[PDB]
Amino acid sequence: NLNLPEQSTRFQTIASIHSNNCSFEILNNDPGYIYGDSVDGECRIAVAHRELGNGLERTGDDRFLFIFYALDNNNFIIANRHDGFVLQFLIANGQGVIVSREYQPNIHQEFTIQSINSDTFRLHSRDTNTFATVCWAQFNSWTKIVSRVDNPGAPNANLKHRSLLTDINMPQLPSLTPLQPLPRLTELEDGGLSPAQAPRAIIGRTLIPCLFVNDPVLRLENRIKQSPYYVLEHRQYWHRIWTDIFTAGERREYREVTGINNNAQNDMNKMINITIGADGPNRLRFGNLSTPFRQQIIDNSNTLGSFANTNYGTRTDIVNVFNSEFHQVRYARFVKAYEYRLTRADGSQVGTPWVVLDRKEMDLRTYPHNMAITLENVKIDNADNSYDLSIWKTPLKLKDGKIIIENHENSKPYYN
């Protein structure tokens, strides 16, 4: 069940309904460029870099093919298959024109579709109250695409899709799967599942427009052809932080590193213009590039918006544990991990996944079964920030198979 309009899952040409054979064409022209077919005046001379032409449509020419990326506000960013640049309204020399520019974004790159009937639409620039059509209604002539206000005798702005491309390398989305509890340990030598072995649950997944994915290998002009969307997965797994055999009454100390490293956050920001906020492992902060899509990203990834002005960082806790059983016992300690993975349309991974270890949700496995270790003491060794400086209230009994989640009753500030 994909909740996207048909314009967002294909490429299409755009043509005046009054043109026999012409469609909107991406040009790399400069001011002063001459449209040879045009009558003299403002329709004959280019006034801006990268105007659009009323060009004789060539089948399989990427300069005529556009994909409509759906914004949360029901407007579209319209990208071409030739170089991945987007349409933009522009005034140059007092003429309203359509040009192609790199995705910024800005309000002049947002277009509204107005469907008049089943097969006829208008392309509306809501900020300026203008509609895209062919200069001076020269519908069968080589000339520029303009954007003009409704007036008696304004050029007719009724448009259609002349041709479609439906084979566009849409990704095949993974199925959602639930997070299973870890298996019980089978003997003293069983350390449980290491992080590399732990099965991932797929909690959510969303399409991400290629425009703001800084793929280290694929430039924009190749991303728009091979991977017009990327997939962001929200995965969860149980992450083993340590395991050891304890003799009866044995005391041990561990350094537990949780959270997410600053370098991973910087990588995520550079790649997709999203970071994990300090308010939770599933809380997303959006930059200027990803903001226009944020509610779709949240809804489909099964994450929440962050309210923090700080990114999630790392924390090192010193934990003192005591084997309060009079048996030799294998203990394996796990925290919940949130794993964000980005893939291309072909399923290839773009980089190392971004992982947040959540210190607030913890499980234990023992052999023999149903043993309990005592958490005697917790101390913060260091933290990257002061956003969350809660620690466990100790002493705390950790029992085989029992998930513990932080609340107001079992935690306190570190200096109390």
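Residue numbers here begin at 1 and follow the sequence given.
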{"property": "Residue range whose averaged C-alpha B-factor is higher in the record, 210-218 or 320-328", "result": "320-328"}
{"property": "Stretch exceeding the other in mean C-alpha B-factor - 71-79, 123-131", "result": "123-131"}
{"property": "Largest Cα B-factor, entry values, listed residues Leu389, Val350, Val356, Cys43", "result": "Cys43"}
{"property": "Residue with maximal Cα B-factor (values as given in the PDB entry) among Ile113, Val86, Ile224, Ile91", "result": "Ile91"}
{"property": "Entry-reported Cα temperature factor of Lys160, expressed as the chain third it lands in", "result": "highest"}
{"property": "For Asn106, the third of its chain into which the C-alpha B factor falls", "result": "middle"}
{"property": "Third assignment of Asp37 from its chain's C-alpha B-factors", "result": "highest"}
{"property": "Lowest, middle or highest third - CA B-factor, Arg184", "result": "highest"}
{"property": "Where the record places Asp167 (Cα B-factor, split into thirds across the chain)", "result": "highest"}
